[PDB]
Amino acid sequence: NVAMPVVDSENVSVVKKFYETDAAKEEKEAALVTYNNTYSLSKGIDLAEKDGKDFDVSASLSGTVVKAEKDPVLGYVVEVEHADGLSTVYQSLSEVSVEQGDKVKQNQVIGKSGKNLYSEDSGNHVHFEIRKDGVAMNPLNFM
């Protein structure tokens, strides 16, 4: 039961996937995140509306908020802990609807989508990750 973390789940599409080596190249190439001269792996997926536009970021499965804040690099970032080592992450937000300590219920809205250093094109998007004991996994294997 992992919720796609977007209230309106139509019109919102995955624009970047979780980087898998041992996967066709050029879809590896499309799993790179980049800024200036530097390239890195996408550790999650990136959601966004056709044309680009903001939109509300719903929690995936529920639990307590471990972090909410601006990061100069990542835009607005919230982290929610879950059962037995699980956590989800939402980054490149334009704002946040909660603070650390807040208990949250799945599909409960948090801040809209936003930009951060990794935005390519005109934005905006959300960056989403799932972690077991801090290790990131392909979120699409849960959807």
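Don't overthink the numbering: it's just position in the shown sequence, from 1.
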Between 65-73 and 40-48, name whichever shows the higher mean Cα B factor according to the PDB entry. 65-73
Which of the two stretches, 85-93 or 102-110, shows the higher mean Cα temperature factor in the record? 102-110
Going by the entry, which third of its chain does the Cα temperature factor of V7 land in? highest
What third of the chain does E129 rank in for C-alpha temperature factor, lowest, middle or highest? lowest
Third of chain Cα B-factors occupied by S119: lowest
How does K17 rank on Cα B-factor within its chain, lowest, middle or highest third? lowest
Among the chain's modelled residues, which third holds the C-alpha B-factor of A23? middle
